[PDB]
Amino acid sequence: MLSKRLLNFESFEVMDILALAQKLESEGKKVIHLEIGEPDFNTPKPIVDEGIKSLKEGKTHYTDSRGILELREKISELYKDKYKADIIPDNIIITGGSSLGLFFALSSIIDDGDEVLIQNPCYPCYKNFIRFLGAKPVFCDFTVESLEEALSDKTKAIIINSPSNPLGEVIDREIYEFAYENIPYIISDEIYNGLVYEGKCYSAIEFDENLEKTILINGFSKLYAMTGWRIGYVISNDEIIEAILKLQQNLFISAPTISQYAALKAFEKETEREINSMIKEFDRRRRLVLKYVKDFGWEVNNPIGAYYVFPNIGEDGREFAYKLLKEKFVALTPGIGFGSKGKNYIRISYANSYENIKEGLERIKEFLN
């Protein structure tokens, strides 16, 4: 009865643990959550107040499907300042979150039979979007050699997520350079950009300033803690933006009105003040997690962004997770869920209060010894 597409739609290997966590939590057992995929901070005050003010002024109808011009201008100015790339407001569309943006991007350029390159490990939703559109997801390490070996006549695009979920690492310059010379389309997922604790924020706009073959995806969910406000954006050339607009006009109409107006305050001095305070806290947490990981004898390799660490625990992450949860009440995400390469891995999210993370790590230390 169900369609063929929905039959291929794989499920997240976290539903298991999530269920167990609620049971223990209902039994009155304090469960430490280190599997949270969203920041534990509230939305910055100036943004919240602007949302309140908008409601009082009746900003409740549909907006232009591209998104209010004022917002697109601010984002445009943002890119001309953070990077020396000049972008026109017409090259930007405000979407209902980063997830829809990505979906619309893939839809506009992928035909049945195409192959899309994605990193192993990567965001679990990528493969589902790709299959859904009749294309084939090609897993591969993001090294120059492996990318060369993965290329074919059907290779249509590559999805680069940097910093990445689950790794927490920043993709190197060479991967972008190789892709622009060899791959027809670069889809850059930069939703965690800004959440970088060492080095410089690397955007794809720096390699293809005319967005000739790149579709840039970003939003306000992570950097500004606006997950529930459902608002992101896509940037690309005229032909691609025009195509995404048609999809947007039919499937969604326009991003939530209150969020759009509220987001204007995200570029205020006071707000950037608050985000910098947030970035500092995340870094303090990241270091705490890295200290124990090295202590635990686990292997990682340069996690400097987002809020995840993906250690190689030398053993089955799936089983490790279950046992840890039942005995110490510590919720972790099994690595296998993000790719085959992650059987011996697990993802730790430090998007939880510092104290909770400490006790969480301490328990794990008591679990290993």
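Sequential numbering from 1, following the sequence displayed.
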query	finding
Mean Cα B-factor comparison, 16 to 24 or 351 to 359, giving the higher one as deposited	16 to 24
Greater mean Cα temperature factor according to the PDB record, 67 to 75 or 284 to 292	284 to 292
Peak C-alpha temperature factor (PDB record), options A85, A179, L167, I215	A85
Of the residues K59, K326, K53, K45, the one carrying the largest Cα B-factor as recorded	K326
Within-chain third of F320 by Cα B-factor, per the entry	highest
Third of chain Cα B-factors occupied by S152	highest
Third of chain Cα B-factors occupied by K222	lowest
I313 by Cα B-factor - lowest, middle or highest third of the modelled chain	highest
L117 by Cα B-factor - lowest, middle or highest third of the modelled chain	lowest
